Amino acid sequence: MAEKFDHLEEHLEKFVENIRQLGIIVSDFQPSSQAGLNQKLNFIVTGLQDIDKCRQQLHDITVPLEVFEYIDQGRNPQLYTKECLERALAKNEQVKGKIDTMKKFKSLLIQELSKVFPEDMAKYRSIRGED
Amino acid sequence: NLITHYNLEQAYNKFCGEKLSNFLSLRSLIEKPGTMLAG
Amino acid sequence: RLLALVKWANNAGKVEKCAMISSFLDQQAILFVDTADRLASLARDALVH
Amino acid sequence: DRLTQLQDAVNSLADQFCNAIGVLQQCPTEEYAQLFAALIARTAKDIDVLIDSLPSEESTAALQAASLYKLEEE
């Protein structure tokens, strides 16, 4: 989905941002505002549970382990599609180059074949009529 | 072509002819990993 | 890293379908070269017997 | 002799059928295609042989014994 995705967002997103809060104040301890700090912790607990609720239905979703590594290397997916895209080039090269290998291969083939006896005559029915 | 028969072409535009840093240890875990009264 | 999961994890069905497409391809070329070696087997083994 | 050639021609027939693909399956780009225009062209020259190899055997060869026999007495 998206708006449960987007919930994981703005909520759990809010959870990261709240952390921005957490650190930024927790550089500086005022003897009590740990009240504010630990109320953020309180936010952390109401989160963590609510999250996991948002997290055991999150599906642990099937693991693109490597492309994981790739975004575990932070290298974002799009480059994946991109890089296999570059392969897909190389591969379209191979495949259709081979068709060419054919289209000449046959072509120059039949060329000489004619420059040789083009005389698989009767069965050239199928042959010619096969072109 | 065969994206032609594989519909990815939008992703062609997007995705015809940074990332980590772009869009703005632990992994080993990922391999082998009244509270107010307390503190 | 997570929210990045969140923030680019939009891509699944495609990207898989992609990798799939890759693999679809690659196997054609296998098929290809494999058919060839297949010959070469014939070439030697066949001939020399 | 001349037999062994026909045997050589069949050996070439496969040989061709292989490396005449060899690079193709493994990869000067139309130059390629003339490597290939060749590849066949070699195949050609072979088939030529085949053709000429060909006109070679003589066809009632069993009796040629009994011919030998009259010759034996010779």
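Bear in mind these aren't lab numbers, they're just calculated from the coordinates by the rules spelled out. Backbone-built Cβ (ideal geometry, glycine too); neighbour counts: all protein chains shown.
If the condition is being within 11 Å of chain B (Cβ to nearest Cβ), under 11 Å from the mean Cα position of the chain (by Cα) and outside any loop (DSSP other than H, G, I, E, B), then segment A:66-82 contributes A:68, A:70, A:71, A:79, A:80, A:81, A:82. Return yes when residue A:88 is part of a helix (DSSP H, G or I), within 11 Å of chain B (Cβ to nearest Cβ) and under 41 Å from the mean Cα position of the chain (by Cα) and no when it is not. When the stated conditions are applied, residue A:88 passes them.
Considering segment C:6-20, and only residues there that are among the hydrophobic types (A, V, I, L, M, F, W, C) and more than 7 Å from chain A (Cβ to nearest Cβ), the residue that is farthest from residue A:76 (Cα to Cα) turns out to be C:20. The criterion of at least 1 residues that are surrounded by 13 or more Cβ atoms within 10 Å (Cβ to Cβ), under 18 Å from the mean Cα position of the chain (by Cα) and more than 10 Å from every other protein chain (Cβ to nearest Cβ) is met by the following helices (runs of 4 or more DSSP H) wholly inside chain D: D:2-26, D:30-53. Scan segment B:1-23 for residues that are loosely packed, with under 10 Cβ neighbours inside 10 Å and of a type in the set (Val, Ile, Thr) and the total you get is 1.
List, please: which pairs have Cβ atoms under 7 Å, are six or more places apart or on different chains, and start with a residue in segment D:38-59 that is polar (S, T, N, Q) and end with one that is surrounded by 17 or more Cβ atoms within 10 Å (Cβ to Cβ) and part of a helix (DSSP H, G or I)? These pairs meet every condition: D:43/D:16; D:43/D:20; D:53/D:9.
Selection of first residues in segment D:1-25 that are farther than 13 Å from residue C:42 by Cβ and of second residues that are loosely packed, with under 13 Cβ neighbours inside 10 Å and hydroxyl-bearing (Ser, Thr, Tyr), restricted to Cβ pairs under 7 Å at least 6 apart or on distinct chains, gives the following pairs, ordered by first then second residue: D:2/D:56. Filtering segment D:7-49 to residues that are more than 24 Å from residue C:38 (Cα to Cα) and either in contact with a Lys or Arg (Cβ under 7 Å, 6 or more places away or on another chain) or not basic (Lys, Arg) (or both) leaves D:28, D:29, D:30, D:31, D:34, D:48, D:49. Here the condition is being loosely packed, with under 13 Cβ neighbours inside 10 Å and not β-branched (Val, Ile, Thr); of A:39, A:78, it holds for A:39 alone.
Scanning segment A:46-58 for any residue that is within 21 Å of the chain's Cα centre (by Cα), exposed (fewer than 13 other Cβ atoms within 10 Å of the Cβ) and assigned to a loop (DSSP other than H, G, I, E, B) turns up nothing. For segment A:110-123, the criterion of a residue being in a helix (DSSP H, G or I) and touching a helix residue (DSSP H, G or I) at 6+ places or on another chain (Cβ under 7 Å) is satisfied by at least one position.
The residues in segment C:24-49 that are hydroxyl-bearing (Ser, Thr, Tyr) and surrounded by 12 or more Cβ atoms within 10 Å (Cβ to Cβ) can be counted, and the count is 0.
Being crowded, with 17+ Cβ neighbours inside 10 Å, under 30 Å from residue C:8 (Cα atoms) and not hydrophobic (A, V, I, L, M, F, W, C): is that true of residue A:104 here? Answer is no for this residue.
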